[PDB]
């Protein structure tokens, strides 16, 4: 029996003030560096344990011993994502129902049907960059978010956000981002009941109403038109859970749409942003990825099959997910009393946090060059030990969107590498801005067209 370490405390507030910082994930990584593979973390009314080693996390990923927990972040997101798939407990009827209904909509096979709509947006991104003047640069996260948001709007409910036509965000996105911002602020409040936050709370209630009203209208409009487009909304309106034989109701459909819009916004564009960052910081890797793009993408527009042949691009994306996974943690609870790692006894209901970026730096798994960007680490998933790489979560509660995210990311990065040479013209210094996701803030490049037509 080992006593786990714990970072510095602040009297009655326990460890909570350590989260009152601009970059809490990066702060928690630094604590893990200092304290090792497990540390206790306490706040008023809260005890959890942060795990960072594959040795312990492989046990935590045992679904017979641990189930998904809603972290405080997820509990707060649930105020607007409801019992959508990402904020529901495994035992809620709507989790298994929606899971069973949506699985075929998200399979590798379903990507063949989304492919054309993803290409539509990817070409818009390429045309924007083809149309820049010589003296201009690219705001990378900003453009990647235009791409990923538009892609989930079109594939998700046949709706064009038309993000490449505008600077101001869509009304829905204004409220979604402000809601997510309130969540992060609320996690950092030492005195969350202070009347100083009454306005924040009033604003949050307003932003929830905007998200609900706008998505409910999307659903109502679709029902009234009878249109049967090949999108997630159509699948949810028509699908029946094989098990219960029931369809999802409209309220839960709205929560799923809200869930997908969160996931497909900065969470997914973060992957592309970090990938392009690592590529321009590693020119030999960029060249190898660019050589593959040119070899495989022989037609004016990529086909579904060509995207699947972009193996090295897929390895680039996995290595980007290894260093900066854009859902940086998830939470579990013990289903019964159990012992973690032969050393840490846990009681039924005890909570764990999996600190993914720190797992992905476990030198006993990856070797001493863990900070280097080497996509070749992913040549053979069979050489990687169990549960060493978890950017999409675990088990039946893993990311249902994983194939969607990787297909759109591989497609557009492939096209970017085919059509442009890239210059890190400012010698950009990585600055990772934290929301509930991660972004290389202010990352900019210049792109010189290879003048290959579409």
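Positions refer to the first chain, counted from 1.
Enquirer: Of the two stretches 226-234 and 85-93, which shows the higher Cα B-factor on average in the entry?
Expert: Averaging CA B-factors over each stretch, the winner is 226-234.
Enquirer: Per the PDB record, is the mean Cα temperature factor higher over 353-361 or over 245-253?
Expert: Stretch with the greater average CA B-factor: 245-253.
Enquirer: Between 122, 144, 275, 301, let me know which has the highest C-alpha B-factor in the entry?
Expert: The record points to 301.
Enquirer: Say you rank 318, 107, 71, 268 by Cα B-factor from the PDB entry; which sits at the top?
Expert: Among 318, 107, 71, 268, the highest C-alpha B-factor in the entry belongs to 107.
Enquirer: Would you mind checking where the Cα B-factor of residue 11 ranks among the modelled residues of its chain, as the lowest, middle or highest third?
Expert: Top third by C-alpha B-factor.
Enquirer: Based on the entry's values, in what third of the chain does the Cα temperature factor of residue 291 lie: lowest, middle or highest?
Expert: For residue 291, the deposited C-alpha B-factor lands in the highest third.
Enquirer: So where's residue 163 on the chain's Cα temperature factor ranking, which third?
Expert: For residue 163, whose C-alpha B-factor we compare with every modelled residue in the chain, the answer is the lowest third.
Enquirer: In terms of the CA temperature factor given in the entry, to which third of its chain does residue 75 belong: lowest, middle or highest?
Expert: Middle third.
Enquirer: What third of its chain's C-alpha B-factors does residue 195 belong to: lowest, middle or highest?
Expert: For residue 195, the deposited C-alpha B-factor lands in the highest third.
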